[PDB]
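Let's start with one chain on its own, the form deposited in one PDB entry, as structure tokens.
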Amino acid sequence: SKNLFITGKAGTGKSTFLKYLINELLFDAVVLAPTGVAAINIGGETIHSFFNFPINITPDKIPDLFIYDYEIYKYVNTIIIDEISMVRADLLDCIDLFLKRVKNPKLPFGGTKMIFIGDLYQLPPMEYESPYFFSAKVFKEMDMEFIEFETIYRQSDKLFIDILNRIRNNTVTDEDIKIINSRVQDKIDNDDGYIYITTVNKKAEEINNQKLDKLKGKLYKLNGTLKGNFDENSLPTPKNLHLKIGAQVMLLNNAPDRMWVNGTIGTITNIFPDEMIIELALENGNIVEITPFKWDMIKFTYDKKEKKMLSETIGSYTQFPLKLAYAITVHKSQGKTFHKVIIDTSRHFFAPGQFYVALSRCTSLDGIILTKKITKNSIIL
């Protein structure tokens, strides 16, 4: 029974379709994701919580890993892992190794049927050949179906989408190494409307708190409420939300009236905390009214009464779906596009391919700025 890899985009569809899947059709399946935020966005459990993995988990640490509940996995026969590109090679082998301990040890993933959901950009054809998931030892042991389901479109408006797919296979050409330098500015208009892309959370938090500190409006300090058991390492936005008028922010939910999507940029025009309203102006002019938003933290549990897997809500987090959007790391911007992005090379290191993902996060390459030149062998993925 083959497993499945599919290439699906983080739309509202995916999230609710997965709920229908594992509630109305499948009763022996769960939905995992690599980080906490990624897990709450789609209503799943993080891989680490589902397996009670310590934070520094590694394949050799597995044989002697303590197991809280040997029984839950006996009832789990299909595992869906979303945002598969954010899973490390060694982590996927830990999952395989783990399943083999609790489930049938002679088969890959203990015999569990595995479904992987990734992005159009991250795709495949004793020591690891790369940190990316397709370099897991367990890919050797098994065969998969490949569905490029959401391949009928992409996340860029311009015609030279081709350039992204041209440096994919190291075929980045001299003829098209320029224009790629044409975007090398010297940043005369600092910075309005551009989000900086970085590699280190430290320096992204530094640029964010730079811009906020200079804005001369009063400082507002919005406090979200945590109920029950909610991991404070998976807050989509800080519990101490610091904001001012004029702040350049990002939206962290998908509007139901399709007025915005996770990643949309805006500017705060008013803050009214007694009424629990933040007003912001979008890029296309429209002013919106943002009220707080409740995220649910799930833990899968087997209901012995009904003989099906249930998503049991173990906590909640209520805060305004916003965070400072002057800067973000390449990792924390996984499902977002943006329109005005700054990729500084002078600061921030971008190993070729970390640099590619960066480029993969601007609607158009006209809304891009760089610092230094770009050669043909510095794009050798």
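The term rigid core refers to the most C-alpha atoms you can superpose between the two forms while keeping them within 1.5 Å. Start at 1 with the first residue shown and count on from there.
Note that the form deposited in another entry isn't included here; everything after this is about it.
Q: Following superposition of the rigid core, which of 330, 57, 32, 341 is the only residue with a C-alpha displacement of 2 Å or more between the shown form and the other one?
A: The one that shifts is 57.
Q: Rigid core aligned, does the Cα position of residue 116 differ by 2 Å or more between the shown form and the other one?
A: No, its C-alpha moves less than 2 Å.
Q: After the core is overlaid between the shown form and the other one, has the C-alpha of residue 160 moved by 2 angstroms or more?
A: Yes; that C-alpha moves by at least 2 Å between the shown form and the other one.
Q: How about residue 278 - superposed on the rigid core, does its CA move between the shown form and the other one by 2 Å or more?
A: No; that C-alpha moves by less than 2 Å between the shown form and the other one.
Q: Closer or farther apart in that other deposited form, the C-alpha atoms of residue 325 and residue 349, for a change of 3 Å or more?
A: Pair moves farther apart in that other deposited form.
Q: Taking the shown form as reference, are the C-alpha positions of residue 24 and residue 318 brought closer or pushed farther apart in that other deposited form, with a change of 3 Å or more?
A: Compared with the form shown here, the C-alpha atoms of residue 24 and residue 318 sit closer together in that other deposited form, by 3 Å or more.
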